[PDB]
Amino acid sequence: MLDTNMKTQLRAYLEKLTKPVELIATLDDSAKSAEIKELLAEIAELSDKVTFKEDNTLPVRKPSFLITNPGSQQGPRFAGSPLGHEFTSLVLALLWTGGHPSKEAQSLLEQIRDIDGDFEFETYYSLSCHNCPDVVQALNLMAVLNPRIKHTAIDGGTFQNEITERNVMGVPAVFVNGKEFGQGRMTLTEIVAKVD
């Protein structure tokens, strides 16, 4: 759950939101799903710009949630727990989706917006992985900027079966359209060059 520090800090960052943001969860009856429901609930009462709804009908991992805008189905998705060292990645995702500008250069943002082609990214991370945030943040921003670019950040502690199934030996582990894309540290600029 959100610890006092996280909650207070989250309340502070969410003042930066300028547009309404929706957290759309897809849950099952598991205990992990209850944790996510309780977390998204706490996040939503920290700001009047954030609404927590669920649609447990979508063919996606459970539990997981979409970060988007009302009347939209575009945005990054977190499957499993978004805390640990990914708390910052969550914060940024909510900010960006809420109108707060990325700190990146404008021409890079544009190159991302102009990427042609459809890409479905999946990034496995662990809550204690210190080098996972930057990769998760890079791919989240790209999904916020280009609707043709999708990203699901997967907590390997909630989807353990996928870790051995795909033979993930370390994190972050990134896949694109079902195939291995890269592992370990990578910058946004290095990622855009590979897919551009």
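From 1 onward, residues are counted along the sequence shown.
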Query raised in the report: Of the two stretches 120 to 128 and 101 to 109, which shows the higher Cα B-factor on average in the entry?
Result: 101 to 109
Report summary line: Mean Cα B-factor check, 148 to 156 vs 43 to 51, entry values; winner is 43 to 51
**Report entry** Chain thirds of CA B-factor: placement of residue 94
**Finding:** lowest
Query raised in the report: In terms of the CA temperature factor given in the entry, to which third of its chain does residue 166 belong: lowest, middle or highest?
Result: highest
Query raised in the report: Comparing residue 82 with the other modelled residues of its chain, is its CA B-factor in the lowest, middle or highest third?
Result: lowest
Requested in this report: Sorting the chain's modelled residues by C-alpha B-factor, tell me whether residue 12 ends up in the lowest, middle or highest third.
Outcome: lowest
Report task. Using the B-factor values recorded in the entry, state whether the Cα atom of residue 178 falls in the lowest, middle or highest third among the modelled residues of its chain. Result -> highest
